[PDB]
Protein chains: 4
Amino acid sequence: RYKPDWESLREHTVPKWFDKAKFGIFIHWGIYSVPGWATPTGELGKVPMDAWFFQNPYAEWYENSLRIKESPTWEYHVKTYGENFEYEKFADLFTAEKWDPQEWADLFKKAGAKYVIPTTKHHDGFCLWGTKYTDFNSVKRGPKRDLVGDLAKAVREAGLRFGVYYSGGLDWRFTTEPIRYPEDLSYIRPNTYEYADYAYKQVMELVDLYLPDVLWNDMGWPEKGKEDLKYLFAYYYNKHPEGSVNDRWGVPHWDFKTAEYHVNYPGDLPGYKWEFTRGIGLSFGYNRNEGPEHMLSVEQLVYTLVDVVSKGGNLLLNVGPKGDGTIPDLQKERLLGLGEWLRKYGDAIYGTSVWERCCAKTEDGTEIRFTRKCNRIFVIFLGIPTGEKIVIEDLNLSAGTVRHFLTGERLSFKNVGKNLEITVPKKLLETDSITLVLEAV
Amino acid sequence: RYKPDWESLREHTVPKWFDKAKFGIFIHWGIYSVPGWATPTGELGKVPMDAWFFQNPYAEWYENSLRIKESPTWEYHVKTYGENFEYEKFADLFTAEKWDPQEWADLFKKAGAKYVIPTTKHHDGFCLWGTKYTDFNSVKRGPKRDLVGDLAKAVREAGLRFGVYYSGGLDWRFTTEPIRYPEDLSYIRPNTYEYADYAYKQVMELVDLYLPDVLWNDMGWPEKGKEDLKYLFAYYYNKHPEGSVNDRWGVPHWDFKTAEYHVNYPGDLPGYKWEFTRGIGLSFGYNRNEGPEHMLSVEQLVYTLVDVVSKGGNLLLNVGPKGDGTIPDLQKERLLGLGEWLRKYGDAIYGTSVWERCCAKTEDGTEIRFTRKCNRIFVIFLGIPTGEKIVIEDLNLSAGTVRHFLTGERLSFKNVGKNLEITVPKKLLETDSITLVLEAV
Amino acid sequence: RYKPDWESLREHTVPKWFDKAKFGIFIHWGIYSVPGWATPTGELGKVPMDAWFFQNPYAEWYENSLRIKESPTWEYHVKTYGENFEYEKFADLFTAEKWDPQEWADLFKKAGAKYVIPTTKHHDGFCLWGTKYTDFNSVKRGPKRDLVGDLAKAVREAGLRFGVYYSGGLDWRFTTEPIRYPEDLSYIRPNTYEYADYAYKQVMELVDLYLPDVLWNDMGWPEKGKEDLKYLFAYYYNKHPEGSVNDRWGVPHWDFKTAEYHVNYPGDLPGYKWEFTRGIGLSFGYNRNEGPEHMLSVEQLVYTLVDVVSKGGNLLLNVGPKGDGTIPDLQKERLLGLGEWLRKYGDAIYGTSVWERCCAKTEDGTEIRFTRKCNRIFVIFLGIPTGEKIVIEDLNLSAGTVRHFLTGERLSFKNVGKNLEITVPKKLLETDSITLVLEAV
Amino acid sequence: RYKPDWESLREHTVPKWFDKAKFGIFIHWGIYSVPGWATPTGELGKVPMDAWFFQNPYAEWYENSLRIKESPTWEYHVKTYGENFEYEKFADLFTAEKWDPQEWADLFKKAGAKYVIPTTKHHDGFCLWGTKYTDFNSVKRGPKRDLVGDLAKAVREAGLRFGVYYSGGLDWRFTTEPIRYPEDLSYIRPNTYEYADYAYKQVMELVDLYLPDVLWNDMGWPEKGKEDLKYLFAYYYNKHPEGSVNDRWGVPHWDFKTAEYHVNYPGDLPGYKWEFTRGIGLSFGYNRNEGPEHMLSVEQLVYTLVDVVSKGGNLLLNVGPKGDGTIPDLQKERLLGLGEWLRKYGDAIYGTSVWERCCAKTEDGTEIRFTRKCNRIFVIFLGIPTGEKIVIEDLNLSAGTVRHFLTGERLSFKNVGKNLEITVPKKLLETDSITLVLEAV
Ligand SMILES: C[C@@H]1N[C@H](CNC(=O)c2cc3ccccc3o2)[C@@H](O)[C@H](O)[C@@H]1O
Ligand SMILES: C[C@@H]1N[C@H](CNC(=O)c2cc3ccccc3o2)[C@@H](O)[C@H](O)[C@@H]1O
Ligand SMILES: C[C@@H]1N[C@H](CNC(=O)c2cc3ccccc3o2)[C@@H](O)[C@H](O)[C@@H]1O
Ligand SMILES: C[C@@H]1N[C@H](CNC(=O)c2cc3ccccc3o2)[C@@H](O)[C@H](O)[C@@H]1O
């Protein structure tokens, strides 16, 4: 058993399944999906924080944006819905009329994901399961249905792991003033003992009803409730040792860390297990304002996954469904594009470990990443070189044998000084899809 | 912005408006105003604390007195209302049938007050605004009206500042045993986490609905909720930098300190901004038992104001209205008397600063106080000397010019040793109303 | 009395003498003054923190730079003193053979300064007084003299206030590893109970031996010792009420805040008393490598003081003496020039208060700053306009009388729209030294 | 960088070199080695704690035993050294006259160990290095030599990793009363701030002087000093990322856990890196009273290491040298025998990982342990079966190829039900030394 103390809970490390899974699907879905609107300003870490909340690209932040008068959201809202239309009202419009959890699960499985994590409660406080601690939930309003439970059953039937996201650090049902600047986050929070009990009871409830594979908390945990996590974590691990928690609780324990868009993104091997998350575009919740110009292309998604994995991370790619429960076409295509690439190259991703180094590049500027499976080293190019002669800078191999991954064809190579030279027959180079992949042994 | 930490909140000092205002009106009004009864025993600080709670002169302490069997209040109550008449019942009798907030505001403006602060919730827990955290309030019971909101609108329309009083440290809706001795205050308190959240939510609510100019807490703050004040104060000052808080929270921060009747009353310049409070009589809530023998006379009120101001303080004079919302005649006359004196002498009060010393006296025992406005020094006598020859002890001036304030007539003076001599023409002496006032330059 | 708790200590505010003084002299003098060498890289706030400690422009950080091998300092040291010359050895070379405290005091008085603050102990832990808590001090080594005491007597003899600088946060006699990045400061500190007691005892000793007018701590106070400050401050204020402390202790109390070069420099009135500090060049300690190109010119110093004062601050200008006790001519000539402008314009500086706004500018960009003395408003131009017709943007006056400060000559003016037009005869413009100064009433 | 907080420190996990090393040598050497005497009562975990301290088998607890009058130790001491011979006096007899560190290092290398950890300071508080914080150390007394440093140089010269053992929890130089029952440990400890600083300073000094590969604390860390460990660990890891610390500090962080004789010995795979420690006999310090009957035989040592390694642990085997610096032949011959088996079977130990299960057994009870190297699974028999037909209970293989480890000879096998049958020709069985080793692929 795990005891309720940080020294004991440290005994639990990231489970194997999670380390080997490499790719998961995040799902931000709630009543904010109904208006599904945000100004696609840019990526977190690139937009100046003094403007960020006033032109928030996270459509799931709609309510906070609505609370800032004369913010693009306020104007959009007043003209589309009217001023006598409270944000809460969207809970009744959220009907998930076309939702089919098995179709979602089929899709995430085809895309190559091995786990799925929906938002059980985001910052607006709306709950997607029939919780008994609030009536502001999907069973009582809108969908008239236990979205979390139903999705978990479908995901698990498809053979994928199932986790839960819970906004522990923020709940706008307990505050009135919006977040205008990053500094505001230091005092505009529920702040009460009552809220801390609520959060604790809600996560314990999720654990008892669905025994998730991952407890993904966001925005930190209520200061008054931090001590509670020793008990919660021990309770959780003792019922599910292969369970896992992220690092957004603000306490000593975590099984894996996180990075969001540019924030805390590592440039080289970090030394611990971590997970990258971002939307296919610039938002997590659905944004009808985004076009393909704001989204990553299938090629960019593949290069992102490879970069992340060579660095020991897992990619948790977010999908932003519509209020009716359908997944926009732009998103579905990119999920599929990635699933296709993974069907061909998956063996150099799933189940791999990091190598001595994560990165390299060809004399001509083509970026390279490495992954490993025992004695096999995968050399993954972020693109496909034009010429048959490939010069990798600052790299020497002691393998003696280097094959072209898809075909398995042995290739010719030699360490020329501080570099490594390989000849890749154009026929092979033409077989690869987005990345030229080599395997050294 | 202010950050939620004591070191940062210290950056906020008492606002100018408050320091210059000098005189404000306190209003203790609640359901205790209906029975409006107390034994007028004496002034706080003069009555032995071993008898005080058994013969409490604070009529607003009626419920606590009622809970002590065979206390004058219990007997009075049983004979007037009966034993089957719970204190709470007075919430239904509290109808404010004749209340006219604009008339209150007109009156406080004529009296010379620059700010007004009503009890939003006193020790009995009854709330004078439509709070959503309890049904024991003025919108649901008795007046059927938002007394706080309505008074704030009237006060502000009259051009005066508006603050709120909130009994944070005591709420008898959460306790059953009465306070019999001062020691009891150390354990007979709500004491629960629930109460601490309640208090926090109620003051945050007052801030969001009325954005008061002063948060006047009383009886300390729930120990469990003290840390909450860092967030509350930062939240408040960031929405209203000219807002202010008193010193009854029991935490590191405060903008001005307080003194009640004789308690913590300074004898000389204190070194920080402070405010004196007391009732026109011996109680804060209306007491039909007080006669003019228990009240300060207009002259005493003026001398009190001057003493307080020369010492850097503000006077917060309490008015105890009746259950029907009218202000007793004894009180209205004294408010008016003071307003008259302030109309004539206001320029030596509002906007003044303390001088090198607060006090002095004439060879014959007439007390004197000083205030200042740059190079002008006001010399205010607590009374009007009979003889034209005035000898002030232990004072020498380097002004060269001393005028008689009301008329502006230059006077004859000279430093005779360790004293200062001035000749005040009887004609002038007869022009003054309660205080002979001189101005040195 | 002041009590040992933050709520009581809050009662003490910045003493009047300090608020009115406006200009003081900082003195960073120690054994680092002997090598007196640094790479004059740039101003704090403008140099990237990734390079700063490696090319530190603060000569007083010589020891820390010396511990980073292959730092310019390390190279310089090895060629100049040798690889076997430990930093501590500089205490034997620090002889202050040509030191004359009354000569320093007279120069600071002539320079227009009202208070002086020497480094009693900087980060290297060497003490400039005969402390009984360490033998690494100026009585036992180097000068064989109590430098703090002898300087304190001299400064006071000259009629100036005397404060003490103490490095509470860092003491390299308790660490071995150098600071290479800002992050290192979070763990490379003495850290022991022993050190917290040491710092408490030494500041207590400074208070006892010299009862300074200012306790200027630097680098934070040892976490373990933070609660001691309640007792230290009450002890101090009870012995010396007109005493004062800065804001670098990391506890709730402080009497004035500070800004260093660009760091925390206010853009407008801040709302509390503060003080700006910087060296005449880029270092606080004497740097033989700085030349006039690294120093502020007299003109710039004047503009600095004016800007700081119009925003309610005091300027604490640093002088870096040599190991022999002399003050370099470059620094001396700048002090004397500033003193000259102050002898001429002192009245628009000393004893002033902030006005409604600190700033304005002329139609052709000449910056303007304001100060006040009751009804008299001083208009200071940062430079002397060439033409006689002056147009001040966004300013209206309601004084009816504007004079030329130096001569007293009444000048012609009028409010022309959102601007203020004034005519200043070239004969006056020609009398002003570095600043055109106007006086409106 | 690692930051000084538990959440950041969590990022550091057991270094690869340690996980792969599998075997290290502990060395308990001090002035207690001079009397070198204890009652060899039994193994920790098997001796009732009501008797233990009174008949302590740990020779290194001589001083504590000596303070309990009428303890076998007290008797022995009085007859051997005399009632007037204080324990501290043993520091003058501790001369290590025949010590040769390179000879120890070569023996540890030849024994198959990859790291060495000597007691820099045991419970008696005597320090085996020239610490500047106490004169009770080996440079000032006894050997007049820095034993930790000289041993560190030698061990490293031999190519092995060097760690340090430090008694943080107990120091008998700070107590006078002996430990008689486990309960006494809860209050007979140094207990002062002074001691918490002392321990922090000495471990910091060990890190600075020798930058050890392992910080192996014992007996917990002083409560008052626990928060210092955040800073100590970050300081340490930032200087030496491949460094490591054990789990005996009583704080949230640790890189590997420990087990001592029977205490905390895992029965199956535990889920985290750990290390088993015990003496070759019943004592850590040299006990002249132990004979071969109290010691593990070479065979038992082999079986121990194998059991520990198959369960993911490292074995830290203790050697107890004599006061003169020599290692007793009984211990030396066991180290050499183990080294012989490791030179022969090293490949099935060093650099291995745990498999699905650690354990199995043959039809006639021969215990079996497993280790892995990617696809190669090592099958280690704790003993060599007599017959050629072997039946392994509850094991099935899906390798298709099982070889005899020593020769490489392919062997015949098949899954017979829930069992695995294999034929090993006696000529092979006769080549194995203490263990039959098989290799499945
Ligand atoms: C996944 C996204 N999380 C946002 C909040 N982000 C955080 O609390 C935060 C961001 C972040 C980045 C790196 C490491 C830790 C971090 O914590 C949240 O506001 C968005 O709506 C969305 O749910
Ligand atoms: C204004 C009056 N306050 C009474 C409670 N008084 C206090 O908590 C108290 C009294 C007091 C006096 C000096 C400084 C601080 C102080 O705190 C309260 O019991 C009365 O009913 C009335 O509201
Ligand atoms: C006056 C200088 N102070 C330096 C340390 N600075 C700080 O700790 C710091 C800098 C700073 C700037 C604005 C407000 C607070 C601040 O604290 C110190 O390192 C220099 O050697 C010199 O003594
Ligand atoms: C290696 C030996 N350690 C003894 C102290 N043991 C402990 O504090 C203890 C024993 C123990 C066993 C498993 C996990 C943690 C544990 O802590 C110590 O008293 C002996 O003298 C010797 O140094």
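Here is how names work: the chains are called A, B, and so on, in the same order as the sequence lines, proteins then strands, and each is numbered from 1. Just so you know, ligand 1 is whichever comes first in the structure, and atom 1 is the first atom listed for that ligand.
- C:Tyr286 pairs by the ring pair (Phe, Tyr, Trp, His ring centres under 6.0 Å) definition with nothing, not counting sequence neighbours.
- Qualifying side-chain hydrogen bond (donor to acceptor under 3.5 Å, both in side chains) partners for B:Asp171, counting only residues two or more places apart in sequence or in other chains: B:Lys121.
- Cation-pi contact between D:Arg248 and D:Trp254: absent, since separation from the ring centre below 6.0 Å together with deviation from the ring axis within 45° is not met.
- A salt bridge is defined here as a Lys NZ or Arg NE, NH1 or NH2 lying under 4.0 Å from an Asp or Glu carboxylate O, and B:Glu11 with B:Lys3 fails to meet this definition.
- Here B:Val251 pairs with B:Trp6, B:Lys226, B:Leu229, B:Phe233, B:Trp249 under the side-chain contact (heavy atoms from CB on, under 4.5 Å) rule; sequence neighbours left out.
- Closer than 4.0 angstrom to ligand 4 sit non-hydrogen atoms from D:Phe26, D:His28, D:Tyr58, D:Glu60, D:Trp61, D:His122, D:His123, D:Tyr165, D:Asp218, D:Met219, D:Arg248, D:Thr258, D:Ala259, D:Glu260, D:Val263, D:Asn264, D:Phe284.
- Under 3.5 Å, the side chains of D:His123 and D:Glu63 contain no donor-acceptor pair of N or O atoms.
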